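Each chain, letter by letter, is given below.
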Amino acid sequence: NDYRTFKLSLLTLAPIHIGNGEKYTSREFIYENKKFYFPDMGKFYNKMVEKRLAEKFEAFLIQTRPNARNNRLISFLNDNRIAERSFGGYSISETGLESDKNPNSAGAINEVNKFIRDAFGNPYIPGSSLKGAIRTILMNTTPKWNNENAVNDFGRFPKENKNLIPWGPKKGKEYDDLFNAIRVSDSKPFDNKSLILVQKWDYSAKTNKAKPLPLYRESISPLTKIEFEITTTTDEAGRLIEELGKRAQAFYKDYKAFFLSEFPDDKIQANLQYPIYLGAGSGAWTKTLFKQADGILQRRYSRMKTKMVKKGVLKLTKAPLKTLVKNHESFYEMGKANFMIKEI
Amino acid sequence: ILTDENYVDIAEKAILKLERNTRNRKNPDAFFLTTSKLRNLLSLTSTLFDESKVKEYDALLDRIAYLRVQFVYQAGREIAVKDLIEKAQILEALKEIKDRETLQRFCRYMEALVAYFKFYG
Amino acid sequence: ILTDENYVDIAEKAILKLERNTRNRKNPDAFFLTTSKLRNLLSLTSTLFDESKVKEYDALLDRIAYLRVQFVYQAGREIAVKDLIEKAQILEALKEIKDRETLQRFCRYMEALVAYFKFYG
Amino acid sequence: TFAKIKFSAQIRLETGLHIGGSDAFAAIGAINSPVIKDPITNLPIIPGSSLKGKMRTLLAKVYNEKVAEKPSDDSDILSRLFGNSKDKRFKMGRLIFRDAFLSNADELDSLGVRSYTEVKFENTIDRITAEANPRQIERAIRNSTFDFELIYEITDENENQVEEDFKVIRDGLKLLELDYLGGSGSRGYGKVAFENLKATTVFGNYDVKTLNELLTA
Amino acid sequence: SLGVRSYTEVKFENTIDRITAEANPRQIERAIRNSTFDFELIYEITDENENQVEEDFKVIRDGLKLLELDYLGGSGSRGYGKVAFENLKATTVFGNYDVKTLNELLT
RNA sequence: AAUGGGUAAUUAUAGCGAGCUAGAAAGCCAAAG
RNA sequence: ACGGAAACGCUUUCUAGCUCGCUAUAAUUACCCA
């Protein structure tokens, strides 16, 4: 059997938010206790049309009043005197900060995203999300996979070409397909009592500040052990998983000196293991070939929200401190994760 | 109201009847309505157009009631979506579902709005 | 418009009248239009060319209305399919079905487009 | 003699699988790669064609001394089990892989499951310009299970080849535990545990008590 | 009356070349799962046996037990087929032969 | 500065689209007479 | 007191064999607006 497995022990330092596309709006959650209750809004409006309130509730959603605590749907269940709390959905506890340090402004989060969940509702990290993190470590370190993932002359700085890495049917030829020979399996469904909804904190250079954003990202608490079973079938893939001890160091060495250099140092976490950058909030420079995207990635922004000062502002969040941050005021990195492999 | 033989030509007319940015002559005759606000509306209906195939109508009538919530709510936020639900008679058509085959007719009606919006500019 | 005695010679002319990649001389005179974007259009019509045999026309007029949705929608995404529905007068022919024997004539018209596209390069 | 025996086994899913279906009239802003379904119950189905297609290609690396390049170049231990079209005595071939249907529709309704097919958004990220390309593929859910029927013929040629063939069938089923039943596989989507491997007779007379010792070894 | 649109499902299906891993797809049509088909026979008794009647049905009921185990037509070693014979009832239409003494063989 | 808010983009891309084996045999008849 | 009378184009026969809907793909990017 050429199926030599592995066991990639993913440990999160920064909170990791990944997938599901959808997002709750600012009328789809309840903050009464220190938890955010996200109801099943099909069961909300059904239970509330039975209380003869759907005429006022439709008028409640077109109501743009100041003092945003009186807009976030706790005030609808306060002013209309409803205390049953029997609705579909779940609850996640508060981050602790998860607003910009104002006690009166609590519950003033507006749009959370939704972390990826199976049909049982439990969160998990899929293997397809974890494999896109390995593929950046494997593309960036390999010299052959950096010389020209060119714009092909068919677009403006258009695409990796999709042919730098050999893949396909290749009629007449054999079938190598290196990344078919790396089979990242999905993680076990863990519990949604590890989810905290960190808020984005854009810390830019040349304007030494950390202007927050109205994005929430239900994401995993730090110091969480998540396991992936990665099997390989080829000698060519059996080397490249074994070389993650060299390349994930050499990627972060190549990435600290490229982008994390010229940022102030106290925000940046320490590794403690082999580092990896998982989805949703690790900037564009960890989802890319970071040394072949300097004149190409900034083409996409002739807008009001442009990526000024070349490389975009470092993406930080706020979450409670455990065991790490290496700076006061709780500045994590949104995706600074750590793994170590072992073969089974 | 929309039958099966007209609901795409209704949605073709509603995009044309929708206004454009007559000022700001930088690629002009563009809409005030944007693609991402429009795809937030279809993201509600597209997850019912495929649970109409699987499930009964007798279980979907909780979220079909919720489409009148959020088509109103998205209309209240931005004035561009406010014009869409007036021109494309969506709030009229949403109160007229009553079975599976109109739910799929309305959810194909929202896809016709996205299609011609992508087509016309 | 397309009759029974010409709709293949119409589709033969429309592929020739469609443009080619005049630049990028690596197997040149290739189309901007690709095979996989073209087979996504025929995948709509091929599942009606065989339900025209089985079912009535009186039940298929919900999806025949939907072919004007997605031939517009696929034209809005990529500019190569945008040229196909202009050269091959598809949006004109799709509004002219009205019975079974033109539905099968249009669905054989889409197969004639795929045939000559595979033939000419 | 003539006997037909039956492998009433049970597929259990882990990180449940995708098995494609075209579904052209599917949607626009929704599922563009649907799972194949029973057209009357709309439940996820493991067809036997993708169960039989793995077990020739997974056992081609174990029971072919010479590399195949085609079916009907296999090594007469796969041919007598599955079948050829360019051999003479091994065309009809000792395995009827019946389809597997979603068995625990009630256990999934006992737990908190809304729909039997979860939908996952997947986002091919371009590695220059970082621009996205989402897809919504549809898969069966994690703790689904399937009634896996399999019928074995014993004609007037299986003198002692019944035991030799069952070393093969419990070499392809315990290798699908190491492989992925089609779909994407290299991104999860496949791992399965064949619970309750249990032979039985449905026609003829053949002692199966010497068979339920290597199936459950 | 159920959710069935068409009485024939079309499952999509391919094959992978063993070297070069190329797909070759096919769309084969297929009757849907929960159909019921009216099945009848005509067993004539031409007065040329006079004792073989009671043991021909032991072959017929055995023959219908084998189609419920084999596949009845088509690409059946990859899943398809699998008929199931229900509600068997032998009733004489012409002639005078006692079938209720025989209807226990069909059960 | 507070405060009120998110905003735009992508919605699958590239392929394969079936291949091979069988294409009517044996009786009647005719032949052998 | 019809080149007519009498005469089943009939019996036997699985549209069948073999075939993974597959291959690659992080729900992600930009950070501002009033």
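Here the focus is the overall build of chain B. Within chain B one finds seven helices and zero strands. Helices and strands in chain B line up, N terminus first, as α-α-α-α-α-α-α. In terms of overall dimensions, chain B is globule-like: its C-alpha atoms have a radius of gyration of 15 Å, near the 14 Å expected for 121 residues.

Right, let's talk about the protein's contact with RNA strand F for a bit. Taken together, 46 residues surround RNA strand F, and among them A:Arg72, B:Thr34, B:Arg77, C:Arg77 and E:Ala23 come closest. Atoms of RNA strand F within 4 Å of the protein: sugar and phosphate make up 64%, bases the balance. Between RNA strand F and the protein, one listed contact pairs a sugar or linking oxygen with a side-chain N or O atom of C:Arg39 at 3.0 Å. Between RNA strand F and the protein, one listed contact pairs a phosphate oxygen with a side-chain N or O atom of C:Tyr73 at 3.2 Å. Of all the secondary structure elements, the ones that give two or more residues to the surface near RNA strand F are α2 (35-49) and α4 (61-77) of chain B, α2 (35-49) and α4 (61-77) of chain C together with β2 (26-31) of chain E. Among the elements that make up the surface near RNA strand F, the one with the highest residue count is α2(C) (five residues). Here the surface near RNA strand F is built from residues that sort into 12 nonpolar, 19 polar and 15 charged.

Another aspect to go through is a negative patch on the surface. A surface patch of like charges, here negative, comprises A:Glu227, A:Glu229, D:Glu14 and D:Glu177. With respect to the helices and strands, A:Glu229 occurs in the loop between β7 (225-228) and β8 (230-232). Looking at A:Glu229, the relative accessible area reads 56%, which means it is exposed.

The two faces of the sheet receive side chains in turn, since in a regular strand these alternate between them. All names here are of chain E. Going residue by residue along strand β1 (residues 8-13), you find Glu9, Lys11 and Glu13 tucked away on one face and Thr8, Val10 and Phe12 left uncovered on the opposite face. Sheet analysis places β1 next to β2, joined by six bridges and oriented antiparallel. Note on β2: the bridge partner recorded for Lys11 is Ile28.

This brings us to helix α4 (residues 127-141) of chain A. Residue and element names in this part refer to chain A. Between its first and last C-alpha, α4 extends 21 Å over 15 residues, near the 21 Å set by a 1.5 Å rise per residue. Within α4, 11 of the 15 residues are buried, which leaves it mostly tucked inside the rest of the structure. Buried residues of α4: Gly127, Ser128, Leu130, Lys131, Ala133, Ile134, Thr136, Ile137, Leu138, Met139 and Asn140, and no others.

With that settled, consider the sheet that holds β7(A). Sheet strands line up and pair through hydrogen bonds in the backbone, either parallel or antiparallel. Residue and element names in this part refer to chain A. Sheet architecture is open: four strands sit in the order β7-β1-β11-β9, paired in antiparallel fashion. Each end of this open sheet is capped by a strand with a single partner; those strands are β7 and β9 (274-277). Here the average twist between neighbouring strands, direction ignored, is 35°. Bridge analysis of β9 against strand β11 (residues 336-339) gives four bridges, and the strand direction is antiparallel. Residue pairing in the sheet places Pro275 in a bridge with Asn338 of β11. Across the face of the sheet, helix α6 (residues 244-260) comes into contact with β1 (8-12), β9 and β11 while running at roughly 60° to β9.

Before going further, it helps to examine the protein's contact with RNA strand G. Among the 88 residues in the neighbourhood of RNA strand G, the closest are listed as A:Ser129, D:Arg127, D:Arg187, E:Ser77 and E:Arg78. For RNA strand G, the fraction of protein-proximal atoms (within 4 Å) that sit in sugar or phosphate groups is 68%. One of the side-chain nitrogen or oxygen atoms of D:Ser85 is found 2.9 Å away from a base nitrogen of RNA strand G. Note that a phosphate oxygen of RNA strand G is positioned 2.3 Å from one of the side-chain N or O atoms of D:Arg187. For the surface near RNA strand G, the secondary-structure elements that each account for two or more residues are α4 of chain A, α1 (48-57) and β4 (117-121) of chain D together with β1 of chain E. By residue class, the composition of the surface near RNA strand G is 30 nonpolar, 35 polar and 23 charged.

Summed over the entire model, instances satisfying the criterion amount to 44 salt bridges over all chains. The shortest N-O distance in the salt bridge between B:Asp62 and B:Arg63 comes to 3.6 Å. For the salt bridge of D:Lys120 with D:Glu122, the shortest nitrogen-to-oxygen distance reads 4.0 Å. The exposure class of D:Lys120 is buried, given its relative accessible area of 4%. Residues participating in the shared-partner salt-bridge network are C:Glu51, C:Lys55, C:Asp62, C:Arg63 and E:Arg5.

Quoted interface sizes are often the accessible area lost when the parts come together. Each partner contributes to the interface: chain D provides 35 residues, whereas chain E provides 25 residues. Carbon and sulfur atoms supply 59% of the area that chain D and chain E bury against each other, a total of about 2400 Å² over both sides. Where chain D meets chain E, there are four salt bridges. Across the contact surface, chain D and chain E share 11 residue pairs in polar contact. Secondary structure elements with two or more residues in the side of chain D that touches chain E: α1, β7 (151-154) and β9 (199-203) of chain D. Here the side of chain D that touches chain E takes five residues from α1(D), the largest share from any one element.

We now examine the sheet that holds β9(D). All names here are of chain D. Taken in spatial order, the three strands of this open sheet run β7-β1-β9, and their pairing is antiparallel. Of all strands in the sheet, those bounded by a partner on one side alone are β7 and β9. The mean inter-strand angle of the sheet, taken between neighbouring strand axes irrespective of direction, is 30°. Across four bridges, strand β1 (residues 3-7) lies against β7 in antiparallel orientation.

Another point: the packing of aromatic side chains. The geometry of an aromatic ring pair is captured by two quantities: the separation of the ring centres and the angle between the planes. On inspection of all chains with the given rule, the structure shows 39 aromatic pairs over all chains. Between the aromatic rings of A:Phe44 and A:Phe87, the centroid separation amounts to 5.1 Å while the plane-to-plane angle is 50°, which identifies the pairing as tilted. Taken as a pair, A:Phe44 in helix α1 (residues 41-49) and A:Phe87 in the loop between α3 (74-79) and β3 (89-93) lie far apart in primary sequence, 43 residues in all. For the pair A:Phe44 and A:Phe87, one class covers both residues: buried. Relative to A:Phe263, the ring of A:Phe259 has its centre 5.1 Å away and its plane inclined at 55°; by these criteria the two rings are tilted. No difference in accessibility class separates A:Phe259 from A:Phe263, as the two residues are buried. An aromatic cluster of three or more residues is present, and its members are A:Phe251, A:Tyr255, A:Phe258, A:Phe259, A:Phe263, A:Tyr277, A:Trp285 and A:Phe290. A cation over an aromatic ring shows up here: B:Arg108 above the ring of C:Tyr66, its NZ or CZ 5.7 Å from the ring centre.

All names here are of chain A. Here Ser91 shows up in strand β3. Residue classification places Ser91 among the buried residues on the basis of a relative accessible area of 19%. When the C-alpha atoms of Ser91 and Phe36 are compared, they prove to be 5.5 Å apart, with 55 residues separating the residues in sequence. Those residues within four positions of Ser91 in sequence are excluded, and the remaining contacts are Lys35, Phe36, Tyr37 and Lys193.

Quick look at the interface of chain D and chain A now. Taken together, the 33 residues of chain D in the interface contact 37 residues of chain A. Sort the elements by how many residues they give to the side of chain D that touches chain A and β4(D) lands first, with three residues.

Turning next to a nonpolar patch on the surface. Among the surface-exposed residues, E:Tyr43, E:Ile45 and E:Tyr97 lie close enough to one another that they form a single nonpolar patch of about 230 Å² accessible area. Locating E:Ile45 in the fold gives a position in the loop between β2 and α1 (53-67).

Before going further, it helps to spend a moment on the side chain of A:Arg217. Residues and elements named next belong to chain A. Within the element layout of this structure, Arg217 appears in the loop between β6 (209-212) and β7. This buried residue, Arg217, is left without a salt bridge; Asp202 holds the nearest opposite charge, at 7.5 Å. In contact with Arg217, not counting residues within four places along its chain, are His17, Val112, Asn113, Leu197, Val198, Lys200, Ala280, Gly281 and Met334.

Turning our eyes to something else, we now look at the pairing of strand β6 (residues 145-148) of chain D. Residue and element names in this part refer to chain D. Pairing of strand β2 (residues 9-13) with β6, which is carried by four bridges, proceeds in the antiparallel orientation. Among the inter-strand pairings, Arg12 is bridged to a residue of β6, identified as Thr145. With two bridges joining them, strand β3 (residues 101-102) and β6 adopt antiparallel strand pairing. Residue pairing for β6: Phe101 is matched across the bridge by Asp147.

Cut-offs applied
Residues numbered from 1 in each chain as written, not as in the entry; some residues may be left out. Chains lettered and ligands numbered in written order. Part of a larger assembly, values for the part shown. Heavy atoms only, no water. Residues with missing side-chain atoms left out of burial classes, pairs and counts. Helix = DSSP H or I, 4+ residues; strand = E, 2+ residues; numbered from the N terminus. Rg over C-alpha atoms; globule rule 2.2 N^0.38 Å. Near = heavy atom within 4 Å. Polar contact = N/O pair within 3.5 Å; in protein donor to acceptor, adjacent residues only side chain to side chain. Nonpolar A, V, L, I, M, F, W, Y, C, P; charged D, E, K, R; others polar. Patch = residues over 30% accessible without salt bridge, like charges linked within 9 Å, V, L, I, M, F, W, Y side chains within 5 Å. Areas by Shrake-Rupley, 256 points an atom, 1.4 Å probe, with all protein chains shown as cover. Salt bridge = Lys/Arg side-chain N within 4 Å of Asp/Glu carboxyl O. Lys, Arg positive; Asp, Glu negative; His and termini not counted. Charge placed at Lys NZ, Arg CZ, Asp CG, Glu CD. Buried < 20%, exposed > 50% of the residue type's maximum accessible area, 1.4 Å probe, protein only. Pairing = 2+ DSSP bridges. Expected span 1.5 Å × (residues − 1). Axes fitted to C-alpha atoms, helices over the stretch in contact; angles between N-to-C directions. Contact = heavy atoms within 4.5 Å. Buried area = accessible area lost by both parts, 1.4 Å probe. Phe/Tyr/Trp six-rings, centres within 6.5 Å; stacked < 30°, edge-to-face > 60°. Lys NZ or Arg CZ within 6 Å of the ring centre and 35° of its normal.

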